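Enquirer: This is the structure, below, for whatever I ask next.
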Amino acid sequence: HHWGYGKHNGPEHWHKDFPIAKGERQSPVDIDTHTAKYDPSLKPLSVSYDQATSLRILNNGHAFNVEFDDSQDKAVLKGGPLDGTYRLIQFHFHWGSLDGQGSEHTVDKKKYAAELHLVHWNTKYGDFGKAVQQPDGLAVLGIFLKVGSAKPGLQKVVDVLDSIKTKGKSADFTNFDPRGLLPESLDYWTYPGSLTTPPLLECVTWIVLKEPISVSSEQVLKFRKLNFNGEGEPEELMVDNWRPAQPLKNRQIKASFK
Ligand SMILES: Cc1cccc(C(=O)[SeH])c1
Ligand SMILES: Cc1cccc(C(=O)[SeH])c1
Ligand SMILES: [Zn+2]
């Protein structure tokens with residue numbers, strides 16, 4: 001009876017196995033754009049993905065991860081609110097059954113169709129497993145998806161999904177360039193939070209970009225053909241793999257822009 005996104009194992013149940021679900025810095029949150037304060041002391045983000053080495057795509061039963069070689073400083077996130085150098089390990093999405101829901105963060109209560117998470121770990125902690133035990137261990141770059149024009153740089157991801165339909169399936173996924181998933185502007189909001197899935201560890205500096213990327217209805221329809229189940233198990237579409245907004249508590253969301 002493992003955690004998931006169903007009636008019987010979804011976000012309202014997670015606190016029984018993961019009591020930090022009711023913690024002081026849980027994610028996601030609603031971003032109240034009028035309350036977020038411009039912090040003129042933040043720096044421009046530095047997103048340096050030129051040397052990225054993608055390896056593999058995995059359906060883990062909750063989402064799909066595009067995994068990177070993080071055994072060297074290749075693809076790194078620095079600057080903005082961050083102290084030091086954060087190495088890209090994987091990206092994944094959260095998405096809806098319908099275009100009107102799917103994002104985890106909201107903006108003035110607006111839900112986007114999906115949300116991309118580019119996961120990075122602080123290299124001062126040596127490995128990802130050590131980094132998730134630290135309050136500044138991860139930096140996740142969150143990018144909203146709206147449905148309109150296709151995103152050409154997403155199509156290589158879309159077109160491999162039929163090969164990882166079910167939980168535990170993986171496929172080689174080399175030479176994928178995550179720069180093709182970024183919007184034009186790196187204006188962002190930032191706050192201290194958590195993983196949005198179990199184990200819900202409070203180890204994340206969130207950096208949520210203001211500008212969404214546009215994807216086509218056909219692109220997101222292909223996300224929605226994935227399965228939560230394993231091969232040879234009843235088909236359960238992988239949709240609505242998002243956690244709703246959690247209490248902000250004693251936190252401030254800072255803006256990089258006026
Ligand atoms: C996950 C999955 C299964 C079967 C077909 C598709 C298409 O892209 Se069409 C995707
Ligand atoms: C379980 C886990 C590990 C690393 C990152 C996440 C998210 O971005 Se949500 C979740
Ligand atoms: Zn995520």
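Enquirer: Could you work out [θ]222 nm for the chain from helices alone, using -39500 (n - 2.57) per DSSP H run of at least four and dividing by all its residues? Round to the nearest 500 deg cm²/dmol. Present the calculation step by step, with values, prior to reporting the outcome.
Expert: On the way: 4 runs with 21 residues, N = 258.
Mean residue ellipticity at 222 nm (helix-derived): -1500 deg cm²/dmol.
Enquirer: Continuing with this model, one more query. Normalised by the residues of the range 2-258, what does the relative contact order come to in percent, with Cα pairs under 8 Å and at least six apart?
Expert: On the way: 645 pairs, mean separation 67.8, N = 257.
Reported relative contact order: 26 percent.
Enquirer: Please give me, ordered by residue number, the trypsin sites (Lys or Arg not before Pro) of the range 98-153 that lie in loop per DSSP and have at most 16 other Cβ atoms within 10 Å.
Expert: Those that pass, being in a loop and sparsely packed, are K109.
Enquirer: Taking the Cα centre as origin and putting +1 on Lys and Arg beta-carbons and -1 on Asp and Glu beta-carbons, what dipole magnitude results for the range 169-221, to the nearest 20 debye?
Expert: On the way: 3 positive and 7 negative charges, 27 e Å.
Here the size comes out at about 140 debye.
Enquirer: How much length is gained if the chain between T35 and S97 is pulled fully straight, taking 0.36 nm per residue apart and subtracting their Cα-Cα distance, in nm to one decimal? Let's see the in-between values first.
Expert: Values: separation 62, 0.36 × 62 = 22.32 nm, distance 3.03 nm.
Full extension of this stretch gives 19.3 nm more.
Enquirer: Let me ask something else about it. Can you tell me how much longer the chain between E231 and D172 gets when fully stretched, taken as 0.36 nm per residue apart minus their C-alpha distance, in nm with one decimal?
Expert: Working: separation 59, 0.36 × 59 = 21.24 nm, distance 1.87 nm.
Gain in length upon complete extension: 19.4 nm.
Enquirer: Also, quick follow-up: Work from the charge dipole of the range 2-258 (Cβ charges, +1 for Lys and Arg, -1 for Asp and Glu, about the Cα centre) and give the residue of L161, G79, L42 farthest towards its positive end.
Expert: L42
Enquirer: Quick check: net charge around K167, other residues with Cβ under 12 Å of its Cβ, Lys/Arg +1 and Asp/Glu -1?
Expert: Values: positive: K165, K169; negative: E231, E233, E235, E236.
Every neighbour counted, the sum reads -2.
Enquirer: Exposed loop sites here are GluC sites (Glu not before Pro) in DSSP loop states with at most 16 other C-beta atoms within 10 Å. What is the longest stretch of the chain lacking them?
Expert: 25-183
Enquirer: About the Cα centre, and with charges only on the beta carbon of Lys, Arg (+1) and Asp, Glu (-1), how big is the dipole of the range 160-258? Nearest 20 debye, please. Intermediate results must be reported in sequence, preceding the final value.
Expert: On the way: 13 positive and 13 negative charges, 101 e Å.
Roughly 480 debye for the range 160-258.
Enquirer: Now, a different point. Roughly how big is the range 2-258's charge dipole about its Cα centre, with Cβ charges of +1 (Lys, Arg) and -1 (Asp, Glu), in debye to the nearest 20? Walk me through the numbers on the way to the answer.
Expert: Values: 31 positive and 32 negative charges, 103 e Å.
Taking the Cα centre of the range 2-258 as origin, the dipole is about 500 debye.
Read-outs: derived from the displayed coordinates by stated rules, not from any lab. Heads up, the Cβs are rebuilt from the backbone with ideal geometry, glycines too, and the neighbour counts pull from every protein chain shown.
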